[PDB]
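A short write-up of the structure that comes next.
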Amino acid sequence: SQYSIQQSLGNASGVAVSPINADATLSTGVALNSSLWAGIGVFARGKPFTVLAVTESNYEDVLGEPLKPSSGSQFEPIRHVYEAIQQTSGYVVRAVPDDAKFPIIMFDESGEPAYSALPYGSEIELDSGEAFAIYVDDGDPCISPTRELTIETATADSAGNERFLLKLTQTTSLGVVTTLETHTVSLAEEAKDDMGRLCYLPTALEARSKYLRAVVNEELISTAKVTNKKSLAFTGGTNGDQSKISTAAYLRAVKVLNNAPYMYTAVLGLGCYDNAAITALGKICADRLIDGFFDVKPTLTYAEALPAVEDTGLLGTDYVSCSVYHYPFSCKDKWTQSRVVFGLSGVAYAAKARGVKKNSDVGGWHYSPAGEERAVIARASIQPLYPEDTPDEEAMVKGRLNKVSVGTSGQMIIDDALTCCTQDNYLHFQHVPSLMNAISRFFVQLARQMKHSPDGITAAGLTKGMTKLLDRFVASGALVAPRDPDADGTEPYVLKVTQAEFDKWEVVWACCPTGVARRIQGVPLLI
Amino acid sequence: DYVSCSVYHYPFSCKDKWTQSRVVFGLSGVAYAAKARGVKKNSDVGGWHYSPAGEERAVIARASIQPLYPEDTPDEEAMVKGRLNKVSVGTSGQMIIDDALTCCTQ
Amino acid sequence: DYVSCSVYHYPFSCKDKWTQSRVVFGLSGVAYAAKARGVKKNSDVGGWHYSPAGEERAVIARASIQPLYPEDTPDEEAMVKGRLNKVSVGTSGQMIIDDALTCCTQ
């Protein structure tokens with residue numbers, strides 16, 4: 001028969017191979033989902049102002065190719081996402097400037113296309129004499145990889161309504177053509193596909209398409225026609241100057257992240273370096289009782305780093321679970337092999353996730369997010385950005401900054417874990433608020449399960465569930481016997497449940513945390 | 001005058017059952033289902049003391065819920081003062097009727 | 001009306017088993033043999049879910065096969081739209097039925 005091999009599939013059955021691609025990458029991995037992170041940033045592709053689920057395998061496809069460090073400062077958030085994604089998955093929200101626009105194709109009666117572009121915020125208004133429009137909802141400018149539409153008529157359905165085929169293809173710079181999607185759609189409301197679904201263009205595109213969306217004009221679709229067209233290309237879709245983004249966009253994206261229906265257990269700065277956005281993210285962390293890992297500008301010198309911490313506004317007593325880092329150093333970029341400088345929040349989150357993975361029953365949140373075995377920084381070649389400069393350790397401790405050191409393998413190590421609490425209590429350390437927040441979240445879930453119930457049931461259930469949960473936490477090693485046996489007994493925890501009013505409950509508990517080994521001293525002697 | 005009357009508000013959207021067309025409609029017959037489930041617990045006299053709200057008795061079984069007005073937050077205390085019932089996401093993940101109030105200002 | 005029927009087309013020449021001459025004939029028996037081989041796999045109910053085409057089931061064993069009309073090229077999409085089944089080559093150098101489509105245009 002035939003020994004030929006095709007490049008694209010089509011409808012015939014066979015095996016096809018594409019031409020060899022010189023410049024492309026393959027990423028593989030698995031989703032662990034034990035902990036999730038949330039962030040805010042600027043990227044190259046993705047629907048703006050909408051929560052996106054990102055995992056290790058599909059991060060390149062959802063977020064697009066990395067941005068060049070030589071152009072502005074948009075390259076940092078993608079590096080942070082890559083660092084933080086090697087442990088678990090998470091969610092991001094995209095912020096876009098005002099100059100950005102998306103392409104749109106407007107048809108009319110007899111099918112005469114017209115091309116235009118609109119800003120993201122604005123809605124589409126159809127002028128008199130136009131039937132329908134199709135626009136790209138992916139939030140991806142079609143500059144370097146072009147996208148085209150072809151329209152082919154098909155057989156009428158059982159009821160006699162007209163139908164046609166819509167096909168989407170993508171072409172690269174060298175001219176390689178790839179097939180993306182195919183659809184069978186109609187211009188009549190009560191039109192049904194062969195498989196039994198509806199063929200109305202807006203409904204079909206919304207239900208079963210990932211890139212395209214449609215808007216229809218109800219005045220003229222009573223008498224509208226379509227003809228065979230080939231390779232209609234989108235034009236005008238641009239990304240604005242992304243090095244200049246106002247604080248309004250950051251605040252809007254933070255508000256979007258606040259009301260996300262999903263659940264996450266950490267918030268990452270992802271290199272915003274904006275005070276309003278940082279304090280809004282801190283408010284989110286305080287609201288949901290989760291951890292926070294934020295960063296200050298790495299290009300600052302040692303002396304200027306301390307005032308910026310107070311400039312962030314997190315210092316005080318309201319935000320006791322947040323942390324601030326500072327990492328002035330230069331490393332070789334993975335993608336461009338050039339010298340770049342970026343932040344350190346992703347490494348901290350990865351260390352926290354590694355600590356969490358140790359215990360499978362309740363989580364084991366008592367492990368500090370710093371250390372030689374957990375918090376490791378992997379960069380090609382690291383040099384100080386400001387040589388002939390010396391840090392002051394005590395000033396950093398008093399101002400709540402975390403230091404770095406060198407491990408036994410010659411790689412940089414995060415060497416401290418301090419939160420933004422100035423009260424000098426047991427609440428400096430990262431693990432103590434983590435324990436308390438985990439216990440509180442478990443209690444909230446338990447109470448929510450047995451809500452709206454008649455009398456005589458809630459008290460016993462509450463006390464039994466709380467005792468079992470605290471026993472599990474004692475077994476996991478988080479709680480230990482108190483250090484002062486004169487003032488307190490030997491019991492690691494106490495509990496009490498009382499009923500207050502007709503429809504009110506109140507429960508109080510106390511527990512003793514576990515210490516950490518931070519500073520060790522040795523003394524040599526000679527005989 | 002009108003005690004034992006409840007008013008609900010459901011601004012979410014869901015896929016329809018007969019034809020998957022993303023329709024919107026209110027919560028009447030979902031509350032009554034919760035009340036009927038509460039009544040079925042007792043067989044002698046009925047047991048009318050069970051409130052329709054709750055994470056177990058009142059569940060909304062619809063295909064895919066998408067808020068109509070995201071990034072917006074209601075005022076819960078004003079709703080309580082205004083005798084309007086609220087809907088919230090439960091622990092399992094499905095939407096739940098979380099409160100049950102009648103129309104009596106006193 | 002006829003959704004279970006199939007149509008084949010096999011323009012090729014081969015040596016006859018009996019007269020050793022060059023003859024041209026059809027392809028229905030091979031398809032039935034592939035279907036029977038598929039049915040034999042499951043002994044309880046029959047296992048009718050196996051398609052009657054493939055590299056291991058449907059093999060066309062003939063002495064020496066040459067195209068009847070060389071210098072000619074088929075059109076695959078036209079055959080798919082018109083409900084015709086195609087042929088290919090197995091790893092042993094023998095021809096293989098490479099498709100299974102019925103006479104339904106729906």
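Chain labels A, B, ... are given in the sequence in which chains occur in the structure tokens; within each chain residues are numbered consecutively from 1, and ligands are likewise numbered from 1 in the order shown.
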- request: Find the residues around residue 149 in chain A up to 7 Å (only C-alpha atoms counted), leave out those fewer than 3 positions away in its own chain, and share them as a ChimeraX atom specification.
  value: /A:167-169,230-233
For the selection you just gave me, I'd like the residues written to a file as a PDB file, in the first residue's frame, keeping N, CA, C and O atoms.
```pdb
ATOM      1  N   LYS A 167     -13.445  26.254  11.811  1.00  0.00           N
ATOM      2  CA  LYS A 167     -12.167  25.612  12.086  1.00  0.00           C
ATOM      3  C   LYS A 167     -11.125  26.667  12.424  1.00  0.00           C
ATOM      4  O   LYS A 167     -11.063  27.715  11.774  1.00  0.00           O
ATOM      5  N   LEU A 168     -10.311  26.388  13.436  1.00  0.00           N
ATOM      6  CA  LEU A 168      -9.279  27.303  13.901  1.00  0.00           C
ATOM      7  C   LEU A 168      -7.915  26.650  13.726  1.00  0.00           C
ATOM      8  O   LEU A 168      -7.732  25.483  14.088  1.00  0.00           O
ATOM      9  N   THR A 169      -6.966  27.397  13.165  1.00  0.00           N
ATOM     10  CA  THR A 169      -5.619  26.905  12.925  1.00  0.00           C
ATOM     11  C   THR A 169      -4.606  27.949  13.370  1.00  0.00           C
ATOM     12  O   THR A 169      -4.910  29.140  13.467  1.00  0.00           O
ATOM     13  N   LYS A 230     -11.594  31.321   3.660  1.00  0.00           N
ATOM     14  CA  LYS A 230     -10.392  30.578   4.014  1.00  0.00           C
ATOM     15  C   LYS A 230      -9.336  31.506   4.595  1.00  0.00           C
ATOM     16  O   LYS A 230      -9.011  32.535   3.996  1.00  0.00           O
ATOM     17  N   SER A 231      -8.803  31.125   5.758  1.00  0.00           N
ATOM     18  CA  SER A 231      -7.640  31.768   6.369  1.00  0.00           C
ATOM     19  C   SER A 231      -7.880  33.258   6.619  1.00  0.00           C
ATOM     20  O   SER A 231      -7.230  34.131   6.040  1.00  0.00           O
ATOM     21  N   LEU A 232      -8.832  33.537   7.503  1.00  0.00           N
ATOM     22  CA  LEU A 232      -9.093  34.893   7.968  1.00  0.00           C
ATOM     23  C   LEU A 232      -8.293  35.128   9.243  1.00  0.00           C
ATOM     24  O   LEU A 232      -8.549  34.484  10.266  1.00  0.00           O
ATOM     25  N   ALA A 233      -7.336  36.049   9.190  1.00  0.00           N
ATOM     26  CA  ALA A 233      -6.363  36.228  10.258  1.00  0.00           C
ATOM     27  C   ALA A 233      -6.753  37.381  11.172  1.00  0.00           C
ATOM     28  O   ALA A 233      -7.185  38.440  10.705  1.00  0.00           O
TER      29      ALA A 233
END
```
Per-residue nearest contacts chain A to chain C, cut-off 9 Å, using only C-alpha atoms, as JSON lines:
```
{"residue": "A:1", "atom": "CA", "partner": "C:88", "partner_atom": "CA", "distance": 5.3}
{"residue": "A:2", "atom": "CA", "partner": "C:88", "partner_atom": "CA", "distance": 6.3}
{"residue": "A:3", "atom": "CA", "partner": "C:89", "partner_atom": "CA", "distance": 7.5}
{"residue": "A:10", "atom": "CA", "partner": "C:77", "partner_atom": "CA", "distance": 7.8}
{"residue": "A:11", "atom": "CA", "partner": "C:77", "partner_atom": "CA", "distance": 6.6}
{"residue": "A:12", "atom": "CA", "partner": "C:77", "partner_atom": "CA", "distance": 6.2}
{"residue": "A:13", "atom": "CA", "partner": "C:99", "partner_atom": "CA", "distance": 6.6}
{"residue": "A:14", "atom": "CA", "partner": "C:98", "partner_atom": "CA", "distance": 7.9}
{"residue": "A:194", "atom": "CA", "partner": "C:106", "partner_atom": "CA", "distance": 6.5}
{"residue": "A:195", "atom": "CA", "partner": "C:106", "partner_atom": "CA", "distance": 8.8}
```
task: Check the smallest atom-to-atom distance from each of B:6, B:31, B:63, B:49 to residue 19 in chain B using only C-alpha atoms, then report the winner.
output: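 Distance minimum relative to residue 19 in chain B lands on B:63.
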query: Tell me, how big is the Cα RMSD between chain B and chain C, fit done by least squares on all Cα paired in order?
result: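 The root-mean-square deviation of C-alpha positions is 0.6 Å.
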query: In Å, with one decimal, what is the gap from CA of residue 412 in chain A to CA of residue 328 in chain A?
result: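 If I compute the distance from CA of residue 412 in chain A to CA of residue 328 in chain A, I get 12.2 Å.
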field: Coordinates-based distance that separates CA of residue 58 in chain C from CA of residue 24 in chain C (Å, one decimal)
entry: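 Spanning CA of residue 24 in chain C to CA of residue 58 in chain C is a straight-line distance of 18.7 Å.
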field: In chain C, DSSP helix (DSSP H, G or I) residues written as a list in words
entry: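 Answer for chain C restricted to helix (DSSP H, G or I) is residues 28, 29, 30, 31, 32, 33, 34, 35, 36, 37, 38, 39, 76, 77, 78, 79, 80 and 81 of chain C.
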Atoms to include: N, CA, C and O atoms. Write the selected residues as an mmCIF file, in the first residue's frame.
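Output (selection.cif):
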```
data_model
loop_
_atom_site.group_PDB
_atom_site.id
_atom_site.type_symbol
_atom_site.label_atom_id
_atom_site.label_comp_id
_atom_site.auth_asym_id
_atom_site.auth_seq_id
_atom_site.Cartn_x
_atom_site.Cartn_y
_atom_site.Cartn_z
ATOM 1 N N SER C 28 -14.498 -9.038 1.120
ATOM 2 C CA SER C 28 -15.503 -9.229 2.165
ATOM 3 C C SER C 28 -15.111 -10.345 3.129
ATOM 4 O O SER C 28 -15.344 -10.240 4.344
ATOM 5 N N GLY C 29 -14.522 -11.422 2.607
ATOM 6 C CA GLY C 29 -14.169 -12.548 3.455
ATOM 7 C C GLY C 29 -13.157 -12.187 4.521
ATOM 8 O O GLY C 29 -13.235 -12.670 5.653
ATOM 9 N N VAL C 30 -12.190 -11.334 4.179
ATOM 10 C CA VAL C 30 -11.196 -10.911 5.161
ATOM 11 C C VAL C 30 -11.860 -10.143 6.294
ATOM 12 O O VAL C 30 -11.530 -10.332 7.473
ATOM 13 N N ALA C 31 -12.800 -9.256 5.957
ATOM 14 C CA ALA C 31 -13.506 -8.500 6.984
ATOM 15 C C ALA C 31 -14.306 -9.422 7.894
ATOM 16 O O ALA C 31 -14.293 -9.260 9.123
ATOM 17 N N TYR C 32 -15.001 -10.406 7.316
ATOM 18 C CA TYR C 32 -15.739 -11.337 8.164
ATOM 19 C C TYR C 32 -14.798 -12.140 9.051
ATOM 20 O O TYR C 32 -15.119 -12.421 10.210
ATOM 21 N N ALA C 33 -13.646 -12.549 8.516
ATOM 22 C CA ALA C 33 -12.691 -13.304 9.319
ATOM 23 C C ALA C 33 -12.184 -12.474 10.488
ATOM 24 O O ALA C 33 -12.027 -12.986 11.602
ATOM 25 N N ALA C 34 -11.921 -11.189 10.254
ATOM 26 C CA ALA C 34 -11.508 -10.312 11.345
ATOM 27 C C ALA C 34 -12.605 -10.182 12.394
ATOM 28 O O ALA C 34 -12.328 -10.199 13.601
ATOM 29 N N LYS C 35 -13.859 -10.058 11.955
ATOM 30 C CA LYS C 35 -14.954 -9.972 12.918
ATOM 31 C C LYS C 35 -15.076 -11.251 13.739
ATOM 32 O O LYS C 35 -15.304 -11.197 14.953
ATOM 33 N N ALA C 36 -14.935 -12.410 13.096
ATOM 34 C CA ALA C 36 -15.020 -13.675 13.821
ATOM 35 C C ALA C 36 -13.875 -13.820 14.814
ATOM 36 O O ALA C 36 -14.074 -14.297 15.940
ATOM 37 N N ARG C 37 -12.666 -13.412 14.417
ATOM 38 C CA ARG C 37 -11.538 -13.431 15.341
ATOM 39 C C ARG C 37 -11.805 -12.540 16.543
ATOM 40 O O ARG C 37 -11.473 -12.900 17.678
ATOM 41 N N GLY C 38 -12.394 -11.367 16.314
ATOM 42 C CA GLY C 38 -12.761 -10.516 17.433
ATOM 43 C C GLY C 38 -13.796 -11.155 18.339
ATOM 44 O O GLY C 38 -13.712 -11.051 19.563
ATOM 45 N N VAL C 39 -14.786 -11.826 17.748
ATOM 46 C CA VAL C 39 -15.848 -12.439 18.542
ATOM 47 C C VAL C 39 -15.298 -13.576 19.396
ATOM 48 O O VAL C 39 -15.746 -13.794 20.527
ATOM 49 N N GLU C 76 -7.923 10.573 0.751
ATOM 50 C CA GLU C 76 -8.402 9.966 1.988
ATOM 51 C C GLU C 76 -9.655 10.656 2.514
ATOM 52 O O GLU C 76 -10.608 9.987 2.930
ATOM 53 N N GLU C 77 -9.673 11.989 2.513
ATOM 54 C CA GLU C 77 -10.823 12.709 3.050
ATOM 55 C C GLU C 77 -12.074 12.453 2.221
ATOM 56 O O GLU C 77 -13.178 12.349 2.768
ATOM 57 N N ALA C 78 -11.924 12.350 0.900
ATOM 58 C CA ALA C 78 -13.065 12.026 0.056
ATOM 59 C C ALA C 78 -13.629 10.655 0.398
ATOM 60 O O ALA C 78 -14.850 10.469 0.434
ATOM 61 N N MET C 79 -12.756 9.677 0.651
ATOM 62 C CA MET C 79 -13.235 8.355 1.041
ATOM 63 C C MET C 79 -13.921 8.392 2.400
ATOM 64 O O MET C 79 -14.929 7.709 2.610
ATOM 65 N N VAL C 80 -13.384 9.171 3.341
ATOM 66 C CA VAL C 80 -14.000 9.254 4.662
ATOM 67 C C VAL C 80 -15.389 9.873 4.566
ATOM 68 O O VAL C 80 -16.334 9.415 5.218
ATOM 69 N N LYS C 81 -15.537 10.920 3.752
ATOM 70 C CA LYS C 81 -16.848 11.542 3.592
ATOM 71 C C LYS C 81 -17.818 10.638 2.843
ATOM 72 O O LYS C 81 -19.036 10.776 3.003
#
```
- request: Per DSSP on the backbone, filter range 85-168 of chain A down to the residues in strand (DSSP E) and report them as number ranges by chain.
  value: A: 90-94, 101-106, 114-119, 132-136, 146-153, 163-168
I need the chosen residues saved as a short mmCIF file (atom, residue, chain, number, x, y, z; two decimals), in the first residue's frame, with N, CA and C atoms.
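Below is the file that was written, again.cif:
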```cif
data_model
loop_
_atom_site.label_atom_id
_atom_site.label_comp_id
_atom_site.auth_asym_id
_atom_site.auth_seq_id
_atom_site.Cartn_x
_atom_site.Cartn_y
_atom_site.Cartn_z
N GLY A 90 -1.23 25.70 42.19
CA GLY A 90 -1.78 26.90 42.79
C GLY A 90 -2.60 27.70 41.81
N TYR A 91 -2.94 28.92 42.22
CA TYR A 91 -3.78 29.82 41.44
C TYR A 91 -3.09 31.17 41.28
N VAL A 92 -3.29 31.81 40.13
CA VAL A 92 -2.78 33.15 39.87
C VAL A 92 -3.87 34.00 39.26
N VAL A 93 -3.71 35.32 39.39
CA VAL A 93 -4.60 36.31 38.79
C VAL A 93 -3.75 37.27 37.98
N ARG A 94 -4.12 37.49 36.73
CA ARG A 94 -3.34 38.30 35.81
C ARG A 94 -3.80 39.75 35.83
N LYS A 101 -5.09 45.30 24.06
CA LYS A 101 -6.32 45.12 23.31
C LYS A 101 -6.39 43.69 22.79
N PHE A 102 -7.60 43.27 22.41
CA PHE A 102 -7.79 41.93 21.87
C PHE A 102 -8.46 42.00 20.51
N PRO A 103 -8.08 41.13 19.58
CA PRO A 103 -8.64 41.17 18.23
C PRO A 103 -10.06 40.65 18.14
N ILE A 104 -10.75 41.10 17.10
CA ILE A 104 -12.16 40.76 16.88
C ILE A 104 -12.45 40.83 15.39
N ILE A 105 -13.27 39.90 14.91
CA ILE A 105 -13.69 39.85 13.51
C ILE A 105 -15.20 40.01 13.46
N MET A 106 -15.67 40.98 12.68
CA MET A 106 -17.09 41.27 12.55
C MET A 106 -17.56 40.87 11.17
N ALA A 114 -14.86 42.07 8.71
CA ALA A 114 -14.16 43.30 9.02
C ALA A 114 -13.35 43.10 10.29
N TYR A 115 -12.22 43.79 10.38
CA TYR A 115 -11.25 43.57 11.45
C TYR A 115 -11.16 44.80 12.34
N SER A 116 -11.00 44.57 13.64
CA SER A 116 -10.94 45.65 14.62
C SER A 116 -10.26 45.15 15.88
N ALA A 117 -10.09 46.06 16.84
CA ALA A 117 -9.50 45.74 18.13
C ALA A 117 -10.12 46.63 19.20
N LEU A 118 -10.33 46.07 20.39
CA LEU A 118 -10.97 46.79 21.48
C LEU A 118 -10.19 46.57 22.78
N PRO A 119 -10.26 47.52 23.71
CA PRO A 119 -9.65 47.31 25.02
C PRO A 119 -10.37 46.23 25.81
N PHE A 132 -23.01 39.28 13.24
CA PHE A 132 -22.39 38.63 14.39
C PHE A 132 -20.90 38.91 14.37
N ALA A 133 -20.25 38.64 15.51
CA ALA A 133 -18.83 38.87 15.66
C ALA A 133 -18.21 37.71 16.43
N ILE A 134 -16.94 37.43 16.13
CA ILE A 134 -16.17 36.41 16.83
C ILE A 134 -14.86 37.04 17.29
N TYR A 135 -14.53 36.87 18.57
CA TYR A 135 -13.34 37.46 19.15
C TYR A 135 -12.61 36.44 20.02
N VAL A 136 -11.33 36.70 20.26
CA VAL A 136 -10.48 35.80 21.02
C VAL A 136 -10.61 36.12 22.50
N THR A 146 0.36 33.30 14.50
CA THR A 146 -0.89 33.82 13.95
C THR A 146 -1.99 32.77 14.04
N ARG A 147 -3.23 33.25 14.11
CA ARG A 147 -4.40 32.38 14.18
C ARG A 147 -5.40 32.79 13.11
N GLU A 148 -5.99 31.80 12.44
CA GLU A 148 -6.85 32.05 11.29
C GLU A 148 -8.15 31.27 11.42
N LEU A 149 -9.18 31.76 10.74
CA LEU A 149 -10.49 31.12 10.69
C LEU A 149 -10.82 30.69 9.27
N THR A 150 -11.41 29.50 9.14
CA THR A 150 -11.97 29.02 7.88
C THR A 150 -13.40 28.59 8.12
N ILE A 151 -14.28 28.88 7.17
CA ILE A 151 -15.70 28.59 7.28
C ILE A 151 -16.11 27.70 6.11
N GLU A 152 -16.77 26.59 6.41
CA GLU A 152 -17.20 25.64 5.40
C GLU A 152 -18.65 25.26 5.67
N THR A 153 -19.48 25.30 4.63
CA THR A 153 -20.88 24.93 4.79
C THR A 153 -21.02 23.42 4.97
N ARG A 163 -26.44 24.96 8.66
CA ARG A 163 -25.31 24.75 9.55
C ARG A 163 -24.02 24.89 8.76
N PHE A 164 -22.93 25.21 9.47
CA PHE A 164 -21.62 25.33 8.85
C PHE A 164 -20.55 24.90 9.84
N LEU A 165 -19.35 24.68 9.32
CA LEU A 165 -18.20 24.25 10.11
C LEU A 165 -17.26 25.42 10.34
N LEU A 166 -16.81 25.57 11.58
CA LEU A 166 -15.85 26.60 11.96
C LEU A 166 -14.57 25.91 12.43
N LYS A 167 -13.45 26.25 11.81
CA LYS A 167 -12.17 25.61 12.09
C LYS A 167 -11.12 26.67 12.42
N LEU A 168 -10.31 26.39 13.44
CA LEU A 168 -9.28 27.30 13.90
C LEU A 168 -7.91 26.65 13.73
#
```
